[PDB]
Amino acid sequence: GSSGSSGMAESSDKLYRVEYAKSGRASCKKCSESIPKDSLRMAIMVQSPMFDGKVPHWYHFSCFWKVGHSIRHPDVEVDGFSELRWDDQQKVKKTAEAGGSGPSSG
Ligand SMILES: [Zn+2]
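Residues numbered from 1 in each chain as written, not as in the entry; some residues may be left out. Heavy atoms only, no water.

Undergrad: Please clarify how the overall build of the protein chain should be interpreted in this entry.
TA: Scanning the protein chain for helices and strands turns up 2 helices and 5 strands. Across the protein chain, helices and strands are ordered from the amino to the carboxyl terminus as β-β-β-β-α-β-α. Taking the principal axes of the C-alpha coordinates as reference, the protein chain spans close to 50 × 30 × 25 Å. Here the protein chain, with 106 residues, has 32% of them falling under the buried criterion. Once local pairs closer than 6 in sequence are excluded, the contacts in the protein chain between residues at least 24 apart make up 47%. Of the charged side chains in the protein chain, 15 are positive and 13 negative, and the gap between their average positions amounts to 5 Å. (Helix = DSSP H or I, 4+ residues; strand = E, 2+ residues; numbered from the N terminus. Buried < 20%, exposed > 50% of the residue type's maximum accessible area, 1.4 Å probe, protein only. Contact = heavy atoms within 4.5 Å. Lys, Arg positive; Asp, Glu negative; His and termini not counted. Charge placed at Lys NZ, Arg CZ, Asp CG, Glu CD.)

Printed below as a string of structure tokens:
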């Protein structure tokens, strides 16, 4: 029964938000695992039927792509991107273009 503290201002209500995990609590809705701390993870804003509202869905660097969430310009569409370092920025780009980790099985 947390109390909570209001007072959050956001200029860009970006749907996605990528940032280095803060703790190992955030769960994943793709592999049903516990996202590791200090790991590159993404977020998705979806409307929950039970929460009758929008909730931040965290998805592993790959999981996010597994579901099938392609991104053309993750530099503006996806938040944090700009915050991320040069390396990461480029990495995310290479992936986004591919549109998937690689189901290459067998
Ligand atoms: Zn996952």
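Undergrad: What's the story with the coordination of the zinc ion in this structure? I'm lost.
TA: For a metal with four tetrahedral donors the ideal donor-metal-donor angle is 109.5 degrees, while six octahedral donors give ideal angles of 90 or 180 degrees. At the metal site, the zinc ion is ligated by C28 (SG), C31 (SG), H60 (ND1) and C63 (SG), and these contacts range over 2.1 to 2.4 Å. Of note is the zinc ion, whose 4 donor atoms meet at the metal with angles of 104 to 118° in an arrangement that counts as tetrahedral. One chain supplies every donor for the zinc ion, spaced along it as C-x2-C-x28-H-x2-C. In this structure, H60 and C63 share a single accessibility class: buried. (Donors = N, O, S within 2.8 Å, 3.2 Å for Na, K, Ca; no water. Tetrahedral: all angles 85-135°; square planar, octahedral: opposite > 155°, others 65-115°.)

Undergrad: What is the right way to look at the packing of aromatic side chains in this model?
TA: For any pair of aromatic rings, the description consists of the separation of the ring centres together with the inter-plane angle of the planes. Following the criterion strictly, the structure yields 2 aromatic pairs and no others. Plain terms: the ring middles of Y16 and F64 are 5.4 Å apart, the flat faces sit at 75° to each other, and that makes the pair edge-to-face. On the criterion of sequence distance, the pair formed by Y16 in strand β1 (residues 16-17) and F64 in helix α1 (residues 63-66) is long-range, its members being 48 residues apart. The burial state of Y16 is the same as that of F64; both residues are buried. Measuring from centroid to centroid gives 5.1 Å for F64 and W65, while their planes differ by 75°, and the two rings are edge-to-face. Against the face of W58 rests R41, its NZ or CZ located 4.3 Å from the ring centre. The ring of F61 is capped by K91, whose NZ or CZ atom sits 3.7 Å from the centre of that ring. (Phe/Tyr/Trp six-rings, centres within 6.5 Å; stacked < 30°, edge-to-face > 60°. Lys NZ or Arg CZ within 6 Å of the ring centre and 35° of its normal.)

Undergrad: Where do I start with the pairing of strand β3 (residues 40-48) in this structure?
TA: Both faces of the sheet carry side chains from a regular strand, because those side chains alternate between them. In this structure, strand β2 (residues 19-20) lies alongside β3, joined through 2 bridges in antiparallel fashion. What sits directly across from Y20, in β3, is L40. Note that β3 and strand β4 (residues 53-60) share 8 bridges and pair antiparallel. Looking across to β4, one finds that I44 is bridged to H57. (Pairing = 2+ DSSP bridges.)

Undergrad: I'm lost on the pattern of salt bridges in this one. Help?
TA: Close approach of charged atoms allows side chains with opposite charge to pair. All told, the structure shown has 2 salt bridges when counted by the stated rule. A salt bridge links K14 to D79; its shortest N-O distance comes to 3.6 Å. Taken as a pair, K14 in the segment before β1 and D79 in strand β5 (residues 78-79) lie far apart in primary sequence, 65 residues in all. Exposure remark for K14: the relative accessible area of 27% places this residue in the partly exposed category. A salt bridge links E19 to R17; its shortest N-O distance comes to 3.2 Å. A relative accessible area of 22% means that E19 is categorised as partly exposed. (Salt bridge = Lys/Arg side-chain N within 4 Å of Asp/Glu carboxyl O.)

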